[PDB]
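The chain below stands alone and is given in structure tokens; this is the form deposited in one PDB entry.
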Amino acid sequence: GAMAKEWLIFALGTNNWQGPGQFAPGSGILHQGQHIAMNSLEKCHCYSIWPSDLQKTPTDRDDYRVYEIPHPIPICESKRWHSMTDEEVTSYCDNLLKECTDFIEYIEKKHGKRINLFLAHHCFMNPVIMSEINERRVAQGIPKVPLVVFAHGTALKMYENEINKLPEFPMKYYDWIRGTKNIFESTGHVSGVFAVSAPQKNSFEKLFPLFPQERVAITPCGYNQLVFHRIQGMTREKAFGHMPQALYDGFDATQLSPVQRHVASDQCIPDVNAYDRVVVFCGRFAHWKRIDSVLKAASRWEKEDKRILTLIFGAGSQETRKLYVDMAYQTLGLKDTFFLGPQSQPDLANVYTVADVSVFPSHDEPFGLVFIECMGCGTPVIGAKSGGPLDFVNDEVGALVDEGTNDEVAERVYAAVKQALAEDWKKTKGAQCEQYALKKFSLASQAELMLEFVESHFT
């Protein structure tokens, strides 16, 4: 070959990117990372479209557009796809198709060159739309463009709910996407599927058994090292000293003991420099993140009076916030553990930078972006021996505790933190953490591999 492959990519997302007034789910963070990654590669341009009922399509950038919609993004499980009416499902898909074809028109005029990769997120309406966009192009005498799908799992779970005839999931999509659209019944529409985790690859392969397993693979995932790096001059007071406690609406401070009076809604953490060491969790408040294992480990170490400060970052519904706030303060008597809410990526880099250790004791973490972000800031990590972290957490960058009940994990997390603090892992592994993360997991290295994989195995 005389020249390197030039890529011109169009990427259709399911969720919003992270911006003002709207935090993004894992899926939307990944899409945004990938967009960043691919516009870094030498012979490569990526254009993206994604939906939001709040964020507005930009005025001074052309590299992405927002599909501005009148109601919250439909969820597989505010309103659900199965709750929508046909006319509403139809016009959501039809209007999005139109905005895609118009963006594609603009892109191909700007470059005097045809798009040569479609990327579609989730195994539902986005590959249906890009599949129809391809058929329309062939009919017009335009070359078709390989289509690659990112299985994140939410659409696959919805299909299983239809198959097992759960009540609020009458069969409406799975049989249609296999029997009428035939999206995954061959390689005629979709060239390859990237799954974020092994259970999603397994679930995809069971739900779409006519799709060649050779064309199914696990997504290489990167982190944004432009944002997640050791932050020069950072301080505890700058990093989290001005973040207010984020509890839940209607939280009653009178139900708390006197030694807990520092716990207060919308108040900052008092005198952050008095604490000896800082332990950080970050994650959405899902049950499999095992936040309760973090809170139980802290119940033990807070009894030892070593001034260990524990920070819980991440979002939850009012229900899950009440569960873990009340668990922390009424059930376990914590007083040096605080909830600080969801935060921007730059704010988290500052926190990781000043943390002694992070703990993410997930049960079957799909990949574990939080792990790589934290290490990329020069901080060690403690997780569990399940899911994605098994593949990349070793003893030089932190530790994975043995799987078990939530109570067993809690005791093992307590032992791991006590040992990280005693041996000052921050000092002895910190540098290795940033170098490991930077070299194996940067956004641009991982996208490069991904595209080489598309060319080697998805033709």
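For every residue, the number given is its place in the sequence shown, counted from 1.
- The modelled chain is continuous from residue 94 to residue 95, with every intervening residue of the deposited sequence accounted for.
- Look at the C-alpha B-factors of 8-16 and of 433-441. On average they run higher in 433-441.
- For the two regions 276-284 and 247-255, the entry's Cα B-factors average higher over 247-255.
- When the C-alpha B-factors of 168, 292, 373, 102 are read from the PDB record, the largest value belongs to 168.
- Between the residues 89, 198, 382, 133, the entry's highest C-alpha temperature factor is the one at 89.
- When the modelled residues of the chain are ordered by their C-alpha B factor, residue 415 lands in the highest third.
- Sort the chain's modelled residues by C-alpha temperature factor and residue 401 lands in the middle third, per the entry.
- Ranked within its chain, residue 42 lands in the highest third, by CA B factor from the PDB record.
- Ranked within its chain, residue 55 lands in the lowest third, by CA B factor from the PDB record.
- The deposited CA B-factor of residue 320 belongs to the middle third of values across its chain.
Keep in mind that the form deposited in another entry is not shown, yet the notes after this line are about it.
- Rigid-body motion between this form and the one not shown puts a hinge in the chain; from the set 324, 382, 443, 420, that hinge position is held by 443.
- CA of residue 15 to CA of residue 320: farther apart by 3 Å or more in the other entry than in the shown form.
- Put simply, residue 152 and residue 382 spread apart in the other entry: their C-alpha atoms are 3 Å or more farther than in the form shown.
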